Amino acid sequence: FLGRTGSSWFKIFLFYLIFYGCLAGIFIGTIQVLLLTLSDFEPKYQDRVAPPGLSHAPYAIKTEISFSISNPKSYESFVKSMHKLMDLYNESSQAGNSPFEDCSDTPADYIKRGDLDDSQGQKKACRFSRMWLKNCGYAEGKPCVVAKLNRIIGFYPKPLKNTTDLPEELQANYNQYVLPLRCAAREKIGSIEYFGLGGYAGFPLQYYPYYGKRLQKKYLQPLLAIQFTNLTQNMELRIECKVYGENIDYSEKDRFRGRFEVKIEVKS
């Protein structure tokens, strides 16, 4: 033929069949032992998610949400993702004492449901009403963005203490139980309005620590609705929403490390 005879062509097939078969069987074996060394409830390493990311619902083309108020299908793209998220926080999804629980309607302290063990059933998560998100189809004019803190197993988000000076200096400082979120731009051509649990501009600490998908399915993380009823129009406004805390840090590279990058433009 090309290389060899039929007899040789066969033998080279019988070899590579057994050979690659063995190699596949060995590869699988090493994957088995790897998995055997891992927990079902907690990942081996967590230093790469460490400082929590802050992500929002409006799916930004490039950290930007520009549209026209005087146009219907101009914002119907951002309403798709906005709906996708809030559709999960339905009351019909949170039914019965299992696996949900009614928690303080005001920001409270942490809740420990034991260890990362299966020695108990599904760890009961705090309910969260989308109805706590006042004012927010969504904002056809002047968007109503929804913030979110990235989930990390066993992470206890710790707010800053009012020992020294603060950006939003001491205003509504629920020091003991709220992780604040203050959006900014100089360039003050807007109108910041925050909505959340208990009416505070933060995340209620009663939703922590997260026990993971395996030990807490259907779990709901707290949301923080933000509305920009800015009196300006037809210009790119670089708005940055920043979260503050002891376990919260940022990076010049990762522009989502505990903060937002939104470029709103109501070009109408």
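The first residue of the shown sequence is 1; numbering continues from there.
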Using what the record says, work out whether there is a hole in the model between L160 and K161 and how many deposited residues it spans (none, 1 to 3, 4 to 9, 10 or more). none
Gap size, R186 back to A185 (deposited sequence, no coordinates): 4 to 9
Mean C-alpha B-factor higher for 245-253, or for 21-29? 245-253
Return whichever of 150-158 and 87-95 has the greater mean Cα B factor according to the PDB record. 87-95
Binned into thirds over the chain's modelled residues, the C-alpha B-factor of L231 lands in the highest
For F67, return the chain-relative third of its C-alpha B-factor as stated in the PDB record: lowest, middle or highest. highest
Looking at the C-alpha B-factor of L237, is it in the lowest, middle or highest third of its chain? highest
